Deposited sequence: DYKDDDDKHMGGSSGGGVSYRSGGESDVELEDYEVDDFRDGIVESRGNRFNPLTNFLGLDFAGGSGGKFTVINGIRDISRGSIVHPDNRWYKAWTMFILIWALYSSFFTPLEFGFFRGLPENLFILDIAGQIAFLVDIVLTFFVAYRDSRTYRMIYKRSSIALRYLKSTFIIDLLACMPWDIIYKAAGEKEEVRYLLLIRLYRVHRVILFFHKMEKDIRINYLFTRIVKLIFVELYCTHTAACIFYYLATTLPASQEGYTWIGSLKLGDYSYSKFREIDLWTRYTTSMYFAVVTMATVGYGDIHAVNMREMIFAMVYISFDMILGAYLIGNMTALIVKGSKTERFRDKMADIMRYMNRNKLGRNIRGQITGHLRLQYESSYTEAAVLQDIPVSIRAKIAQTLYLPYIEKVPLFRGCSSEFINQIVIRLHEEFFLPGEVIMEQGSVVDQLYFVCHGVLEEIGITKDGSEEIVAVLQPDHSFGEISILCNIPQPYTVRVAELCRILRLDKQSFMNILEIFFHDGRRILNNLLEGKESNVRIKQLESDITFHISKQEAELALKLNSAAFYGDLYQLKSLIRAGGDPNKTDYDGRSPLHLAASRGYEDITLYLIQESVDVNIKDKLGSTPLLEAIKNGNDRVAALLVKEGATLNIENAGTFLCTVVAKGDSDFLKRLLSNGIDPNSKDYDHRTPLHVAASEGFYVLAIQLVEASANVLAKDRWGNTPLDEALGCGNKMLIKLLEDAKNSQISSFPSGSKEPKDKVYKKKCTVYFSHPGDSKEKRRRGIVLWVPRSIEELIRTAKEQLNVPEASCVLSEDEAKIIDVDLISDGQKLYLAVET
């Protein structure tokens, strides 16, 4: 009822029945005037299984697109189904076999078995739901989906082509696609007396060969009925065939991000090998391109487009432990830190890179969470995690006297200038303790 685990099992159970009922119906329609007593029980179970699905759907939840909620009211639940393809489900569930024999073996009633072909859309829904899964490769599930539609449309065409051969009396077998078919020493002289699986394989062989446009021509349309359907089936399959090529081509042009990385990566080797060499230069631009792959991370970050309330929770969950441990904010109010943790952006620096230089104006505040940095003036001070630098450039407005270089791979948190003062002027009281902590540490002697 809430679409729990039990309902999901049923949707998998009916999906198996949907695969059977969609495949068996054209075989029943074309190759069988009336099902033998052996298959009487098999169809009874199939209709009963779908009949139970009709009752279960009356108890299923209701998913409405505009409001995005699970509404449990029964009156609204029934209403939706009745307008939305409930007659077709009842019509496909009716015993069209029993009515066919009861009515007097009238073939126009048996044309109504083809409404059970709607049950293949249930399998199509399962393929669409499989596409929504992140784990399953998109190219794989868009190939199986279009190799099942091609297979199903081929199975249906194979069963209707045989039916068009049975639309004539047995005296006119020579004017059919099968009664006039001789393959090797075998002659399909009386095709209605041949066993079922020879007729189906011969029909399915013709449809598959037509489906891939191989077209041997050993089996071909002879009648005017068969020619018209062949034109209809070929024209439809040609559009369907171009869709399979188009979908597979589109999923290869839209290659994985790893291959897009390789395109840029291999091109840069083309740019150095024709110009220079080096065990270190070649091994350092590779590091730089893997750092561009690490930035492919910060871009997801920027996109985000999640409400700021959740994004604030992301900022609070990750960066709050690191910010609270810095000596800069010793004694500061937790609220002031809360407005701080929101506005940092994560930037990664490779070992050997130069963060700062001597006497250069600073536009960003940096906090260290991972790795070791060096302040070179000789290493003035080795930077540990939770140790911030560049505070002199912000509070004092004097450029950093010491150049900053990266010794090990670092996860550095970036804070912008104009953002920082905006918080500072709003919380002027919190500004004093920041300066008081700086006074205690000394090493600056500037205010």
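Gaps without C-alpha coordinates occur at 1 to 84, 462 to 468, 539 to 837, with positions taken along the deposited sequence from 1.
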